Amino acid sequence: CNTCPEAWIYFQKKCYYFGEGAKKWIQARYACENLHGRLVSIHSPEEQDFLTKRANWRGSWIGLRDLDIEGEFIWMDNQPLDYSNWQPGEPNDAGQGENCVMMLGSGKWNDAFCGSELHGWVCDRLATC
Ligand SMILES: CO[C@H]1O[C@H](CO)[C@@H](O)[C@H](O)[C@@H]1O
Ligand SMILES: [Ca+2]
Ligand SMILES: [Ca+2]
């Protein structure tokens, strides 16, 4: 079962959407839902490698946030915190608070101001048959 909707990209049981266009994190959440997916959740080095190689060099939102309880990150897929790719020193909750996670151009993760208008955002879905 490796079928994905038109414009999505298949990798290891999942489908990925490389969205482009300036969006705050919440806007990217709903942009993914409009396409019947969610902001991407990442659970292995192989999945991260797929994303790193394809990531927007200006940065992109992923489906990870600590809005509800500071320091408690939650994935869009509600699965465990079982794989990380933090940029060294991140997350750092800089400014007066950074509660939404992005990939840098290198694929490394950074917590950012949720109102930042990033030019990329990545969604996922399970592949169908
Ligand atoms: C100063 O804030 C910026 O740079 C640091 C890293 O230096 C990040 O943690 C932060 O999210 C911002 O991108
Ligand atoms: Ca935070
Ligand atoms: Ca940060």
Side-chain angles (χ1 to χ4, degrees):
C1 299
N2 69 344
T3 294
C4 295
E6 187 180 349
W8 293 63
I9 307 297
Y10 173 75
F11 179 80
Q12 296 189 356
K13 314 159 159 75
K14 290 174 62 174
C15 301
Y16 301 84
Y17 193 85
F18 295 88
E20 201 283 320
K23 294 192 188 294
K24 302 178 182 180
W25 185 85
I26 181 168
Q27 293 175 314
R29 174 208 174 163
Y30 286 111
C32 290
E33 290 180 6
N34 177 66
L35 304 171
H36 283 128
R38 299 198 185 90
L39 282 166
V40 64
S41 303
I42 308 170
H43 293 290
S44 68
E46 296 80 13
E47 183 171 30
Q48 180 65 59
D49 170 73
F50 168 84
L51 295 170
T52 289
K53 291 184 306 198
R54 292 167 177 80
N56 190 311
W57 293 352
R58 289 188 292 169
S60 55
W61 291 121
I62 67 171
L64 188 64
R65 77 293 183 179
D66 72 336
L67 282 159
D68 288 343
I69 295 174
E70 178 56 31
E72 291 192 1
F73 287 90
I74 308 177
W75 285 114
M76 250 61 192
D77 70 1
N78 287 320
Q79 290 177 21
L81 306 185
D82 52 17
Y83 169 79
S84 60
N85 195 41
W86 295 113
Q87 176 71 9
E90 307 298 341
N92 63 1
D93 206 47
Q96 309 91 52
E98 295 182 320
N99 310 317
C100 293
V101 183
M102 67 185 291
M103 283 187 288
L104 302 174
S106 63
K108 292 288 175 185
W109 306 350
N110 173 46
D111 61 338
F113 173 49
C114 291
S116 295
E117 290 185 345
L118 301 182
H119 300 280
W121 34 277
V122 183
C123 319
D124 69 25
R125 276 173 55 90
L126 304 181
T128 59
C129 309

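Heads up: numbering here begins at 1 and tracks the sequence. FYI, side chains are in, hydrogens and waters are out, and symmetry mates aren't considered; it's all heavy atoms of this structure.
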Just list the side-chain donor-acceptor pairs under 3.5 Å for residues 121-129, sequence neighbours left out, or say none.
from, atom 1, to, atom 2, distance (Å)
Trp121, NE1, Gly21, O, 3.0
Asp124, OD2, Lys14, NZ, 2.7
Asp124, OD2, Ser41, N, 2.9
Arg125, NH1, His36, O, 2.8
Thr128, OG1, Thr3, O, 3.4

Tell me which donor-acceptor pairs under 3.5 Å the side chains of residues 92-104 have, and how far apart each pair is, sequence neighbours excluded?
from, atom 1, to, atom 2, distance (Å)
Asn92, OD1, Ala94, N, 3.4
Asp93, OD1, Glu98, N, 2.8
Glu98, OE1, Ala94, N, 3.1

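Taking both residues in full, the closest heavy atoms of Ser106 and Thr52 are given as O-CG2, 3.4 Å, listed atom of the first, atom of the second, then distance. Scanning all heavy atoms of the two residues, the minimum distance from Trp75 to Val40 falls at CZ3-O, 3.6 Å. Across all their heavy atoms, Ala55 and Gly105 have their closest contact at CB-O, 4.4 Å. Between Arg58 and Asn56, the shortest heavy-atom contact is N-OD1, 2.9 Å. Nearest heavy atoms, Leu64 versus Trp25: O-NE1, 4.0 Å.
One distance of note links CD of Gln87 with CG of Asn110; it measures 7.5 Å at 0.5 Å rounding. From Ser84, atom OG reaches atom CD of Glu90 across 12.5 Å, with rounding to the nearest 0.5 Å. Interatomic distance, CD of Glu72 versus CG of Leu81, reported as 9.5 Å (0.5 Å rounding).
Every residue two or more places apart in sequence or in another chain was checked for a ring pair (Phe, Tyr, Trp, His ring centres under 6.0 Å) with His119, and none qualifies.
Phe113 and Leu39 end up in different hydrophobic clusters when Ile, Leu, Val, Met, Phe, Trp and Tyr side chains are linked at under 4.5 Å. Under the 4.5 Å side-chain heavy-atom criterion for grouping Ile, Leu, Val, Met, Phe, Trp and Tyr, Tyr10 is not connected to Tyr17 through any hydrophobic cluster. Cluster annotation: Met76 is connected to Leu67 through the hydrophobic network of ILVMFWY side chains, with a link wherever side-chain heavy atoms come within less than 4.5 Å. A continuous path of hydrophobic side-chain contacts links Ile62 to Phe18 [ILVMFWY only; heavy atoms under 4.5 Å].
Although no hydrogens or angles enter the test, the distance criterion places a donor-acceptor pair under 3.5 Å between the side chain of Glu47 and the main chain of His43. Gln27 contributes a side-chain N or O that, together with a main-chain N or O of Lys24, makes up a donor-acceptor pair within less than 3.5 Å. Of the possible polar contacts, none joining the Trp61 side chain to the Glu117 backbone as a donor-acceptor pair under 3.5 Å is found. Put simply, the side chain of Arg65 gets close to the backbone of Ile74: a donor and an acceptor are under 3.5 Å apart.
Here the side chains of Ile42 and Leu51 are in contact, with some heavy-atom distance below 4.5 Å.
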TODO: Show your reasoning for whether side chain to side chain donor-acceptor pair (under 3.5 Å) applies to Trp109 and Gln48.
DONE: CA-CA 10 Å; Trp109 306 350; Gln48 180 65 59; 2.8 Å; yes
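Relative orientation of the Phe50 and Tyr16 rings is tilted, given thresholds of 30° and 60° on the angle between their planes.
Annotation: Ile26, atom CD1; neighbour count of heavy atoms from other residues, nucleotides and ligands within 6.0 Å does not exceed 12.
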